[PDB]
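As structure tokens, the structure follows; a few thoughts come after it.
Cβ: placed from backbone, ideal geometry, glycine included. Neighbour counts: every protein chain shown. Just so it is clear, none of the values below were taken in a lab; they were calculated from the coordinates.
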Amino acid sequence: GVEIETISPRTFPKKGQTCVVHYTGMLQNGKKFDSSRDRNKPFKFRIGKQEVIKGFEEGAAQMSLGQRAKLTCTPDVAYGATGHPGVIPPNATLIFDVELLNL
């Protein structure tokens with residue numbers, strides 16, 4: 001049930017290539033469990049490395065250069081039964097506002 005809602009919008013990410021993006025997480029209650037903008041550090045990851053949750057990768061695969069979108073991820077594709085102890089509660093969704101700013 002993954003959905004992508006474009007926020008203020010064609011360069012699709014290549015397979016096995018790194019893409020930097022400043023993403024922000026949000027829960028239904030309203031608490032910020034992570035914030036890349038507050039850390040002031042650009043996050044980098046690889047698609048083929050499979051080091052990130054499947055929901056974030058699936059949302060970034062459909063994104064484009066210079067465009068942000070609320071990537072609503074399914075509970076199973078990201079922390080299905082358990083996640084980080086104390087950060088994400090079990091049986092809960094995870095909304096990531098990915099803002100792809102790759103080169």
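Diffusion coefficient (Stokes-Einstein, Kirkwood radius over C-alpha pairs, 25 °C, 0.890 mPa s) for the chain: 175 µm²/s, rounded to a whole number. Counting only residues at least eight positions apart within a chain, or on another chain, the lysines with an alpha carbon under 29 Å from that of residue 32 are 41, 44, 49, 54, 70.
Label positions at residue 87 and residue 11, each projected 7 Å from the Cα along the C-beta direction, are separated by 2.9 nm.
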